[PDB]
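Below is one structure, written out as structure tokens, with a few remarks after it.
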Amino acid sequence: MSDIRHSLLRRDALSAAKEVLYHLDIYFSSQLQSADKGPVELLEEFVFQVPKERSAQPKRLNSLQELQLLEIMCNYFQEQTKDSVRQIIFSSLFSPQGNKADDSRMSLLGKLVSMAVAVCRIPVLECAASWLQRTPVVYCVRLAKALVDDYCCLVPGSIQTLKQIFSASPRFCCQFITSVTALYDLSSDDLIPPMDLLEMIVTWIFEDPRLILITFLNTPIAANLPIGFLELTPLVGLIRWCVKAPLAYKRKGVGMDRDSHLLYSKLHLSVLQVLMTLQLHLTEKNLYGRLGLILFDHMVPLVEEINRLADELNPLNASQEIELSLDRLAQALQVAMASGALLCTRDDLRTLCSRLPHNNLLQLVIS
Amino acid sequence: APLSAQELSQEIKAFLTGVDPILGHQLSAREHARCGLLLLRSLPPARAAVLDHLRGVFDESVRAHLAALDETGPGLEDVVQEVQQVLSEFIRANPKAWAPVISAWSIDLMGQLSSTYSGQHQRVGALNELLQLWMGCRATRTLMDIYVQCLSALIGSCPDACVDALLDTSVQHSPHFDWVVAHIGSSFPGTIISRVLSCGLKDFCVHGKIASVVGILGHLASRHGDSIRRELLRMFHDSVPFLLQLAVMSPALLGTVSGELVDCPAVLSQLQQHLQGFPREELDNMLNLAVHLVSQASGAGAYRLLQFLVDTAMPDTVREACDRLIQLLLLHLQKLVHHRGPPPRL
Amino acid sequence: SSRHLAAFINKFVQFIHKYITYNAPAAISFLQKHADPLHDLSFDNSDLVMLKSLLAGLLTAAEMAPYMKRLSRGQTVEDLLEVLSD
């Protein structure tokens, strides 16, 4: 009834919102076996500090009452002990509902997820990872980039906390790797990975093949989702990032970032273990179906992006870097062909090499 | 000294419920501030609570400190010094990430308390004396210090937005805000005086208090920094009777008049001729302001000013206006000298 | 024993004000090069308001008028004597 809503439409730290959420979750759990948009939208708007009326004042702003409500929600979610209920609540909270505070609601949901990760709410973190899997790559990747920018830029320890969570949660680690690859698209200066985030990623490359395998084995994959439902294998991003070592200097004075080549190369070297693990998981086992691995015909887009982005004085200043990047790309293509990740035959990338700088690695890739 | 997840939850329950969950007793202000600092060392999406907590703690700190000062809670000197150290550490780590939100939040509460507390306590131009009164307290001093660090970090990036936010907050919290902007103008002349003159001319545009605020700010900013004010006023004049109004309000503008005597050839005569389309009432106000300025405040080598004025009376409409102005000036001086009769005038 | 030389220190800070007025950078260079003795003097002697204010930051006819009135309109030797002693 609307009387309960009115009784829950007062104060920004009110426990009535938590009681309403618990009752709705219990109703959903009771009816799940025999299985509303409006109630979830209203609950999110109440959390987002936007009132029930579409054009009324904000629901009591934020202040310390919003922090109290967030703490109460985190405490309830950690002790919720219901994967489906937590996943449904997380999906409802961070979905674009068209309200005036939709982006702020998504940002607050990401903030709560970061708080849960800091609180080591492992079941809640897993539910958030599943919700991100059930969310568009654009909004989820933007939220991940915002959370990474918030944490990594602070004092040391946030990278340590992220690495510890990645060691604990492998699905969250794979989602974070995919989100980092999507953010570090080599598109601009901001696309250059930050030092702390890159250090955490490089340090967390001991179980990256294991995390990728865990993400692959977590759930069978359907057809291509809408713009990517958190694809596990972000191999193209890592391969480009290794290639984009001189791109840090190219995008920028000019020589602002040039020492990251070795760390990226070390992180890229983990793909050999990932390639062998993927080969064992697909070719050796019965998982040799579909396209081998997550390719999505992105190899041609990757080659086109490499050709387009490398135009910044490739001839003499970055000749050695271009040749090394060509060798890395050839190694990635050979790994994909041997491991079966790229089911397509030749000329899919050999023709693309025509619009790339000539190197001995190009002949080696052709050979 | 890292904090564990359960310890972070306990600190949340401590500063948020007020009671530490184990001991079962309410915490004090010092415990509240130290818990806030502990939370500041952790999750930035949890730092909005840190921001409002610092706002409340600093409100209590300002209340206690200034109550003790005027009567001439417990001391908070060392915790405030540690807060100052940690914010300097942040702004040294990475200005772009912390600086805008912290500057806006600080300026926000800095104006809030200026609007609320000022002019209402026991004993609270006199603007600089008031500035000494706030510098008697230490919390607001440290806040101004870290804000100065913010601007020194924000000089090459976007100081315009910072000064825009500053002057807008001053507009909301006038005239009790203006000691902060007076101190920063003393610290930073150029942008501050440019915004002061823009605010003054737009205030004349409005009225054609706030103008008094602009004049008081100019007076408080002319402590060995009035040369830039004179140059800025000259640049504005090159393009405006708000300058005359401010000089009528602020006698220290007569220092600029000494150079303005040499500033105005026939180019200046034509420039005055262009502005001559103003109406008779505006012209009457202008001549009254001119005689009051040249009489009541010209305490410099104004024999040069008089010589130039008489030389103009020796272009054509300019000369007619100038000899008329000379006659009114003589009448005004006669009114000044022969009157009131017993202290004298000056 | 700095408290008997208040007028001497007043002349000193008048010199300091004129120094910063005409040659600001030289005064800044001198003070910053020897900042430790200046801050030591500021801390040791809390009575020095002017030094702290200086380091942080960077009469008339109205009173004499009755006296020159009495002097000008003074005919008896007593009036001249009293106004001149004043």
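If you're wondering about the labels, chains in the structure tokens are A, B, ... by order shown, residues count from 1 in each chain, ligands from 1 in order shown.
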
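Close contacts of range 114-125 of chain B, defined as residues with an atom at most 10 Å away when counting only C-alpha atoms, with chain neighbours fewer than 6 positions off set aside, comprise residues 62, 63, 66, 67, 70, 71, 108, 133, 170, 172, 173, 174, 175, 176, 177, 178, 179, 180, 216, 219 and 220 of chain B.
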
Take the residues from that selection and put them in a file with N, CA and C atoms, as a short mmCIF file (atom, residue, chain, number, x, y, z; two decimals), in the first residue's frame.
data_model
loop_
_atom_site.label_atom_id
_atom_site.label_comp_id
_atom_site.auth_asym_id
_atom_site.auth_seq_id
_atom_site.Cartn_x
_atom_site.Cartn_y
_atom_site.Cartn_z
N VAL B 62 35.22 25.67 15.77
CA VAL B 62 35.14 27.12 15.63
C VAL B 62 34.31 27.72 16.76
N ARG B 63 33.20 27.06 17.12
CA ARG B 63 32.37 27.53 18.23
C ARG B 63 33.15 27.57 19.54
N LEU B 66 36.27 30.21 19.27
CA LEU B 66 35.87 31.60 19.28
C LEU B 66 35.11 31.96 20.55
N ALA B 67 34.39 31.01 21.16
CA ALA B 67 33.79 31.29 22.46
C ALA B 67 34.85 31.55 23.51
N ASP B 70 36.30 35.04 22.74
CA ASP B 70 35.41 36.15 23.08
C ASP B 70 35.22 36.29 24.59
N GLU B 71 35.20 35.17 25.31
CA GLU B 71 35.01 35.21 26.76
C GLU B 71 36.19 35.82 27.50
N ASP B 108 32.28 26.26 1.27
CA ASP B 108 30.83 26.22 1.57
C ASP B 108 30.63 26.48 3.06
N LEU B 133 40.71 39.53 14.08
CA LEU B 133 39.90 38.73 15.00
C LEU B 133 39.82 37.26 14.55
N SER B 170 30.79 34.47 -1.79
CA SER B 170 30.80 35.77 -1.12
C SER B 170 29.51 36.53 -1.37
N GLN B 172 26.53 35.17 -1.96
CA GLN B 172 25.52 34.54 -1.10
C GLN B 172 25.69 34.94 0.36
N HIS B 173 26.93 34.99 0.84
CA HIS B 173 27.21 35.17 2.26
C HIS B 173 27.71 36.57 2.61
N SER B 174 27.41 37.56 1.77
CA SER B 174 27.83 38.93 2.03
C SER B 174 27.13 39.47 3.27
N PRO B 175 27.68 40.52 3.90
CA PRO B 175 29.05 41.05 3.80
C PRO B 175 30.00 40.36 4.77
N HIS B 176 29.50 39.31 5.42
CA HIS B 176 30.27 38.59 6.42
C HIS B 176 31.26 37.61 5.81
N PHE B 177 31.19 37.37 4.51
CA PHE B 177 32.14 36.50 3.83
C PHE B 177 33.47 37.20 3.58
N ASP B 178 33.45 38.52 3.43
CA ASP B 178 34.46 39.25 2.67
C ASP B 178 35.83 39.33 3.34
N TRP B 179 35.98 38.89 4.59
CA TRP B 179 37.30 38.84 5.20
C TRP B 179 38.17 37.77 4.55
N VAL B 180 37.56 36.65 4.17
CA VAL B 180 38.28 35.59 3.45
C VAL B 180 38.79 36.10 2.12
N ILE B 216 35.11 48.27 0.25
CA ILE B 216 35.82 47.81 1.44
C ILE B 216 36.86 46.77 1.08
N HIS B 219 39.76 48.59 -0.42
CA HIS B 219 40.54 49.23 0.64
C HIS B 219 41.39 48.22 1.39
N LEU B 220 40.82 47.06 1.71
CA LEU B 220 41.57 46.01 2.40
C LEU B 220 42.61 45.36 1.51
#

Using only C-alpha atoms, determine which residues lie at most 12 Å from range 117-120 of chain A, disregarding the query and same-chain residues fewer than 5 positions distant; provide the list as a PyMOL selection string.
(chain A and resi 71+74-75+77-79+110-112+125-129+147+151+157-169+172-173) or (chain B and resi 2-12+39+42-46)

Can you spit out the residues from that selection as an mmCIF file, in the first residue's frame, using C-alpha atoms?
data_model
loop_
_atom_site.group_PDB
_atom_site.id
_atom_site.type_symbol
_atom_site.label_atom_id
_atom_site.label_comp_id
_atom_site.auth_asym_id
_atom_site.auth_seq_id
_atom_site.Cartn_x
_atom_site.Cartn_y
_atom_site.Cartn_z
ATOM 1 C CA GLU A 71 25.976 1.361 5.958
ATOM 2 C CA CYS A 74 25.814 -2.931 3.303
ATOM 3 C CA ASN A 75 25.274 -4.677 6.654
ATOM 4 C CA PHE A 77 23.552 -7.301 2.069
ATOM 5 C CA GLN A 78 26.593 -8.928 3.702
ATOM 6 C CA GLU A 79 24.296 -10.943 5.997
ATOM 7 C CA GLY A 110 29.212 1.404 -7.547
ATOM 8 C CA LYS A 111 30.202 3.204 -4.339
ATOM 9 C CA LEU A 112 28.339 0.598 -2.275
ATOM 10 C CA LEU A 125 30.747 -9.122 -4.277
ATOM 11 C CA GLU A 126 29.834 -12.248 -6.261
ATOM 12 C CA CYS A 127 26.258 -10.977 -6.644
ATOM 13 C CA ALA A 128 27.627 -7.635 -7.863
ATOM 14 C CA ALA A 129 29.853 -9.469 -10.361
ATOM 15 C CA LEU A 147 35.843 3.144 -8.807
ATOM 16 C CA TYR A 151 40.751 3.931 -5.213
ATOM 17 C CA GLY A 157 46.747 -0.107 -0.077
ATOM 18 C CA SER A 158 43.760 0.249 -2.386
ATOM 19 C CA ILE A 159 45.761 -1.611 -5.040
ATOM 20 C CA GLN A 160 46.672 -4.115 -2.319
ATOM 21 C CA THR A 161 42.990 -4.470 -1.388
ATOM 22 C CA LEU A 162 42.070 -4.956 -5.058
ATOM 23 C CA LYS A 163 44.763 -7.625 -5.452
ATOM 24 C CA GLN A 164 43.572 -9.376 -2.275
ATOM 25 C CA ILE A 165 39.968 -9.361 -3.538
ATOM 26 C CA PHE A 166 41.163 -10.652 -6.927
ATOM 27 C CA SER A 167 42.945 -13.483 -5.117
ATOM 28 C CA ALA A 168 39.728 -14.133 -3.184
ATOM 29 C CA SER A 169 37.162 -13.577 -5.942
ATOM 30 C CA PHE A 172 35.394 -10.288 -9.848
ATOM 31 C CA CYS A 173 39.043 -10.336 -10.957
ATOM 32 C CA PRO B 2 45.971 -0.410 7.826
ATOM 33 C CA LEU B 3 42.428 -1.023 9.034
ATOM 34 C CA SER B 4 40.707 -4.380 8.636
ATOM 35 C CA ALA B 5 37.279 -4.888 7.064
ATOM 36 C CA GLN B 6 35.603 -5.669 10.395
ATOM 37 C CA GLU B 7 37.548 -2.801 11.980
ATOM 38 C CA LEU B 8 36.297 -0.531 9.189
ATOM 39 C CA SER B 9 32.739 -1.703 9.895
ATOM 40 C CA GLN B 10 33.299 -1.019 13.604
ATOM 41 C CA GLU B 11 34.597 2.482 12.814
ATOM 42 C CA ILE B 12 31.527 3.043 10.618
ATOM 43 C CA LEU B 39 37.967 6.907 7.515
ATOM 44 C CA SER B 42 40.150 4.679 3.548
ATOM 45 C CA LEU B 43 37.520 4.460 0.774
ATOM 46 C CA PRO B 44 36.952 7.720 -1.177
ATOM 47 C CA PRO B 45 33.320 6.817 -2.064
ATOM 48 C CA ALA B 46 32.876 6.747 1.742
#

How close does chain C get to chain B? List, as CSV, each residue of chain C within 9 Å, its nearest atom pair and the distance in Å to one decimal, counting only C-alpha atoms.
residue,atom,partner,partner_atom,distance
C:20,CA,B:224,CA,8.5
C:21,CA,B:224,CA,6.8
C:57,CA,B:186,CA,7.6
C:58,CA,B:187,CA,8.0
C:61,CA,B:346,CA,8.0
C:62,CA,B:344,CA,7.0
C:65,CA,B:344,CA,7.7
C:66,CA,B:343,CA,8.4

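Every protein, DNA or RNA residue with an atom at most 10 Å from residue 70 in chain C, where only C-alpha atoms count and chain neighbours fewer than 3 positions away do not, is listed here: residues 65, 66, 67, 73, 74, 75, 79, 80, 82, 83 and 84 of chain C.
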
Could you write those residues out with C-alpha atoms, as a tab-separated table (two decimals), in the first residue's frame?
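Listing of out-v9.tsv after writing:
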chain	number	residue	atom	x	y	z
C	65	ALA	CA	43.78	72.64	15.42
C	66	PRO	CA	42.73	73.89	18.91
C	67	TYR	CA	46.38	74.39	19.85
C	73	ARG	CA	44.51	83.95	19.11
C	74	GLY	CA	46.90	84.26	22.04
C	75	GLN	CA	47.58	87.74	23.38
C	79	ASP	CA	48.10	81.86	27.06
C	80	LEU	CA	51.24	81.72	24.91
C	82	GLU	CA	50.61	77.45	28.42
C	83	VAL	CA	50.01	76.57	24.76
C	84	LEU	CA	53.76	76.52	24.07

Using only C-alpha atoms, which residues sit within 12 Å of residue 55 in chain C once same-chain residues fewer than 3 positions away are excluded, as number ranges by chain?
C: 13, 16-17, 20, 27-28, 31-32, 35-36, 38-43, 48-52, 58

Would you save the residues of that selection, restricted to N, CA, C and O atoms, as a PDB file, in the first residue's frame?
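Contents of selection.pdb, freshly written:
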ATOM      1  N   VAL C  13      60.510  49.281  12.214  1.00  0.00           N
ATOM      2  CA  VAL C  13      59.460  48.758  11.347  1.00  0.00           C
ATOM      3  C   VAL C  13      58.975  49.826  10.376  1.00  0.00           C
ATOM      4  O   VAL C  13      58.468  49.492   9.306  1.00  0.00           O
ATOM      5  N   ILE C  16      61.264  49.227   7.758  1.00  0.00           N
ATOM      6  CA  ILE C  16      60.881  47.983   7.090  1.00  0.00           C
ATOM      7  C   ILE C  16      59.734  48.223   6.109  1.00  0.00           C
ATOM      8  O   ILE C  16      59.736  47.703   4.983  1.00  0.00           O
ATOM      9  N   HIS C  17      58.738  49.010   6.524  1.00  0.00           N
ATOM     10  CA  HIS C  17      57.612  49.345   5.657  1.00  0.00           C
ATOM     11  C   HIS C  17      58.069  50.139   4.441  1.00  0.00           C
ATOM     12  O   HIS C  17      57.629  49.876   3.315  1.00  0.00           O
ATOM     13  N   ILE C  20      60.027  47.599   2.086  1.00  0.00           N
ATOM     14  CA  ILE C  20      59.152  46.785   1.250  1.00  0.00           C
ATOM     15  C   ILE C  20      58.407  47.659   0.246  1.00  0.00           C
ATOM     16  O   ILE C  20      58.068  47.195  -0.850  1.00  0.00           O
ATOM     17  N   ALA C  27      63.889  43.216   0.126  1.00  0.00           N
ATOM     18  CA  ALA C  27      63.414  42.922   1.474  1.00  0.00           C
ATOM     19  C   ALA C  27      62.949  41.477   1.589  1.00  0.00           C
ATOM     20  O   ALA C  27      63.229  40.810   2.590  1.00  0.00           O
ATOM     21  N   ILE C  28      62.233  40.983   0.573  1.00  0.00           N
ATOM     22  CA  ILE C  28      61.796  39.587   0.566  1.00  0.00           C
ATOM     23  C   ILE C  28      62.997  38.649   0.579  1.00  0.00           C
ATOM     24  O   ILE C  28      63.027  37.671   1.334  1.00  0.00           O
ATOM     25  N   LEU C  31      64.695  38.783   4.069  1.00  0.00           N
ATOM     26  CA  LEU C  31      63.917  38.109   5.104  1.00  0.00           C
ATOM     27  C   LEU C  31      63.897  36.598   4.898  1.00  0.00           C
ATOM     28  O   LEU C  31      64.045  35.836   5.858  1.00  0.00           O
ATOM     29  N   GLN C  32      63.741  36.145   3.652  1.00  0.00           N
ATOM     30  CA  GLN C  32      63.658  34.713   3.386  1.00  0.00           C
ATOM     31  C   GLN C  32      65.006  34.023   3.547  1.00  0.00           C
ATOM     32  O   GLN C  32      65.049  32.852   3.946  1.00  0.00           O
ATOM     33  N   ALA C  35      65.275  33.560   7.390  1.00  0.00           N
ATOM     34  CA  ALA C  35      63.950  33.318   7.951  1.00  0.00           C
ATOM     35  C   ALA C  35      64.016  32.704   9.343  1.00  0.00           C
ATOM     36  O   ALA C  35      63.126  32.953  10.163  1.00  0.00           O
ATOM     37  N   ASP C  36      65.027  31.874   9.612  1.00  0.00           N
ATOM     38  CA  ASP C  36      65.119  31.218  10.917  1.00  0.00           C
ATOM     39  C   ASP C  36      65.331  32.202  12.070  1.00  0.00           C
ATOM     40  O   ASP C  36      64.628  32.064  13.085  1.00  0.00           O
ATOM     41  N   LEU C  38      64.379  35.305  12.183  1.00  0.00           N
ATOM     42  CA  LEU C  38      63.151  36.090  12.267  1.00  0.00           C
ATOM     43  C   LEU C  38      62.035  35.296  12.930  1.00  0.00           C
ATOM     44  O   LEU C  38      61.325  35.811  13.801  1.00  0.00           O
ATOM     45  N   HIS C  39      61.870  34.032  12.532  1.00  0.00           N
ATOM     46  CA  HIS C  39      60.866  33.184  13.166  1.00  0.00           C
ATOM     47  C   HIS C  39      61.233  32.871  14.610  1.00  0.00           C
ATOM     48  O   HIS C  39      60.344  32.747  15.461  1.00  0.00           O
ATOM     49  N   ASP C  40      62.531  32.764  14.905  1.00  0.00           N
ATOM     50  CA  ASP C  40      62.991  32.579  16.276  1.00  0.00           C
ATOM     51  C   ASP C  40      62.641  33.781  17.146  1.00  0.00           C
ATOM     52  O   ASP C  40      62.196  33.623  18.289  1.00  0.00           O
ATOM     53  N   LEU C  41      62.832  34.990  16.616  1.00  0.00           N
ATOM     54  CA  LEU C  41      62.463  36.199  17.343  1.00  0.00           C
ATOM     55  C   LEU C  41      60.952  36.310  17.503  1.00  0.00           C
ATOM     56  O   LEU C  41      60.466  36.787  18.535  1.00  0.00           O
ATOM     57  N   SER C  42      60.200  35.913  16.474  1.00  0.00           N
ATOM     58  CA  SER C  42      58.743  35.931  16.556  1.00  0.00           C
ATOM     59  C   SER C  42      58.228  34.974  17.625  1.00  0.00           C
ATOM     60  O   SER C  42      57.328  35.322  18.400  1.00  0.00           O
ATOM     61  N   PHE C  43      58.792  33.765  17.684  1.00  0.00           N
ATOM     62  CA  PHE C  43      58.341  32.781  18.663  1.00  0.00           C
ATOM     63  C   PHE C  43      58.794  33.126  20.077  1.00  0.00           C
ATOM     64  O   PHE C  43      58.007  33.012  21.024  1.00  0.00           O
ATOM     65  N   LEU C  48      55.980  40.752  20.389  1.00  0.00           N
ATOM     66  CA  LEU C  48      56.238  41.368  19.089  1.00  0.00           C
ATOM     67  C   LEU C  48      55.066  41.080  18.156  1.00  0.00           C
ATOM     68  O   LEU C  48      55.071  40.124  17.379  1.00  0.00           O
ATOM     69  N   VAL C  49      54.046  41.938  18.241  1.00  0.00           N
ATOM     70  CA  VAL C  49      52.897  41.852  17.346  1.00  0.00           C
ATOM     71  C   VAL C  49      53.292  42.233  15.923  1.00  0.00           C
ATOM     72  O   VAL C  49      52.882  41.582  14.951  1.00  0.00           O
ATOM     73  N   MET C  50      54.080  43.304  15.788  1.00  0.00           N
ATOM     74  CA  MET C  50      54.397  43.867  14.481  1.00  0.00           C
ATOM     75  C   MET C  50      55.211  42.892  13.638  1.00  0.00           C
ATOM     76  O   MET C  50      55.003  42.797  12.423  1.00  0.00           O
ATOM     77  N   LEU C  51      56.155  42.176  14.260  1.00  0.00           N
ATOM     78  CA  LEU C  51      56.984  41.213  13.538  1.00  0.00           C
ATOM     79  C   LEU C  51      56.137  40.086  12.962  1.00  0.00           C
ATOM     80  O   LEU C  51      56.300  39.708  11.797  1.00  0.00           O
ATOM     81  N   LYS C  52      55.233  39.533  13.775  1.00  0.00           N
ATOM     82  CA  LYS C  52      54.345  38.472  13.307  1.00  0.00           C
ATOM     83  C   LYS C  52      53.437  38.962  12.189  1.00  0.00           C
ATOM     84  O   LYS C  52      53.251  38.267  11.182  1.00  0.00           O
ATOM     85  N   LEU C  58      53.197  39.881   4.234  1.00  0.00           N
ATOM     86  CA  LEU C  58      53.981  39.876   3.000  1.00  0.00           C
ATOM     87  C   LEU C  58      55.349  39.247   3.232  1.00  0.00           C
ATOM     88  O   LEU C  58      56.364  39.945   3.266  1.00  0.00           O
TER      89      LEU C  58
END

Could you pull out the alpha helix (DSSP H) residues of range 1-78 of chain B from DSSP and send them as a PyMOL selection string?
chain B and resi 5-17+29-40+47-71+77-78

Skip residue 268 in chain A itself and residues of its chain fewer than 2 positions away, then list as a ChimeraX atom specification all residues within 10 Å of it, counting only C-alpha atoms.
/A:202,205,235,237-243,262-266,270-272,328,332

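The nearest approach to residue 198 in chain B among the residues B:307, B:167, B:323, B:136, with only C-alpha atoms taken into account, belongs to B:167.
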
What's the 12 Å shell around residue 202 in chain B, counting only C-alpha atoms, without same-chain residues fewer than 4 positions away, as a PyMOL selection string?
chain B and resi 195-198+206-208+210-211+214+240-243

Please dump the current selection as a tab-separated table (two decimals), in the first residue's frame; keep N, CA and C atoms.
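This is the output file result05.tsv:
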chain	number	residue	atom	x	y	z
B	195	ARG	N	37.93	40.66	-10.47
B	195	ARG	CA	36.56	40.28	-10.15
B	195	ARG	C	35.89	41.34	-9.29
B	196	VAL	N	36.65	42.04	-8.44
B	196	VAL	CA	36.08	43.11	-7.63
B	196	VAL	C	35.57	44.24	-8.52
B	197	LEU	N	36.37	44.64	-9.52
B	197	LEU	CA	35.93	45.72	-10.41
B	197	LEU	C	34.78	45.27	-11.30
B	198	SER	N	34.79	44.00	-11.74
B	198	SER	CA	33.66	43.49	-12.51
B	198	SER	C	32.39	43.47	-11.67
B	206	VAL	N	23.33	47.15	-12.14
B	206	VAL	CA	22.13	46.76	-11.40
B	206	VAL	C	21.41	47.99	-10.86
B	207	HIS	N	22.10	48.78	-10.03
B	207	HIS	CA	21.48	49.91	-9.35
B	207	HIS	C	21.19	51.09	-10.27
B	208	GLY	N	21.76	51.11	-11.47
B	208	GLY	CA	21.52	52.20	-12.41
B	208	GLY	C	20.15	52.17	-13.04
B	210	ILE	N	26.48	46.01	-1.55
B	210	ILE	CA	27.37	45.26	-2.43
B	210	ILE	C	28.46	46.17	-2.97
B	211	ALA	N	28.09	47.39	-3.38
B	211	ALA	CA	29.08	48.38	-3.79
B	211	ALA	C	29.98	48.76	-2.62
B	214	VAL	N	32.40	45.97	-2.20
B	214	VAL	CA	33.47	46.05	-3.20
B	214	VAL	C	34.49	47.11	-2.82
B	240	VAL	N	31.68	52.41	-16.06
B	240	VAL	CA	32.95	53.13	-15.98
B	240	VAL	C	32.92	54.31	-14.97
B	241	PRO	N	31.83	55.09	-14.87
B	241	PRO	CA	31.69	55.98	-13.71
B	241	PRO	C	31.56	55.25	-12.37
B	242	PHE	N	31.45	53.92	-12.38
B	242	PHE	CA	31.62	53.14	-11.16
B	242	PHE	C	32.97	53.39	-10.51
B	243	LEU	N	34.00	53.69	-11.30
B	243	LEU	CA	35.28	54.09	-10.75
B	243	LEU	C	35.15	55.36	-9.91

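Going from CA of residue 43 in chain A over to CA of residue 50 in chain B, you cover 25.5 Å.
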
Do you know which residues are at most 12 Å from range 330-340 of chain B counting only C-alpha atoms, after dropping those on the same chain fewer than 2 positions away, and could you put them as a PyMOL selection string?
chain B and resi 287-296+306+323-328+342-346

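The spacing separating CA of residue 93 in chain B from CA of residue 109 in chain B amounts to 24.4 Å.
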
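CA of residue 298 in chain A sits 9.8 Å away from CA of residue 342 in chain A.
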